[PDB]
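To begin, one chain is listed below as structure tokens, in the form deposited in one PDB entry.
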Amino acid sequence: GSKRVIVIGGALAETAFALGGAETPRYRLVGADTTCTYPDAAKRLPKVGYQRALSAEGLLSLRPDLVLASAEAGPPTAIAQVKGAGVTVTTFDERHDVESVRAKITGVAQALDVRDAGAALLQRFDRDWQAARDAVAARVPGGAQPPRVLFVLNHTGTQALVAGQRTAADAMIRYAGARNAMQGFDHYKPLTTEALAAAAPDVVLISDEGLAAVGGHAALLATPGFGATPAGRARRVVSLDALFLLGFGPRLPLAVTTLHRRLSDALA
């Protein structure tokens, strides 16, 4: 018999699909949460709510034999309800680093009973990651000092919503050879003109999505304080798909390489 599997969390879903895809003789992926938009086969799974607002009744309506959940999956009441029904829920942490992605690969493969496919994916990943680390170490974007990057997850605002430390953005900026222009706070906050002028970003990074919630590139650089910054003076903007940039899944080597390439282009 085939296990019916639900996956909660975009990076976990990518990992599950990269091990084989929607179907193997051992398991079938039958549901996910709304953050699971990659690959195309994940985007097509029935969804049972946003990862932190799970419906236990919705999740159980798909009759799962196994749930693979990011440690961020919630609320705790819903996860308790699902385990209470005799469903195995196996939880995975989402630390913003490569070793957590590597442990995710082997841990997911082991939960789906596909250890040999996990070893093979991890071998590919390790190969790509060394290449990514080589490429970043070869050259600093801009070829001089490590540039200061401001990441804008959203802009509401009428200010930027921006990433401090202990975020996925901070780690990606650092893996790509740059420095976070925002210092002195953790997680995300709205941005002041006075903090932005202190940040003096050389490049502004923004979600492919969250470039709409400003009006586009030209509108973004018309935000107060942006114009006087080194980024705004040189009009250095880089947009990227949020889940690909920030997801910390099996595309991590490509995500780091890409961010590095974009920052190099921008700082030409």
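Between two forms, the rigid core is the largest collection of C-alphas that superpose within 1.5 Å. Heads up: residue numbers just count along the shown sequence, starting at 1.
One more form of this protein should be noted, the form deposited in another entry, which is absent from this view; the next part is about it.
Of the candidates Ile79, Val136, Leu122, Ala171, the Cα that moves 2 angstroms or more after core superposition between the shown form and the other one belongs to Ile79 alone. With the core held fixed, the Cα of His217 is displaced between the shown form and the other one by less than 2 Å. Annotation for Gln159: C-alpha shift of 2 angstroms or more between the shown form and the other one, rigid core superposed. After superposition on the rigid core, the Cα of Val204 moves by less than 2 Å between the shown form and the other one. Annotation: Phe151/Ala73 CA-CA distance shorter in the other form than in the displayed model, change of at least 3 Å. In the other form, the CA atoms of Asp208 and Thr156 draw together by 3 angstroms or more relative to this form.
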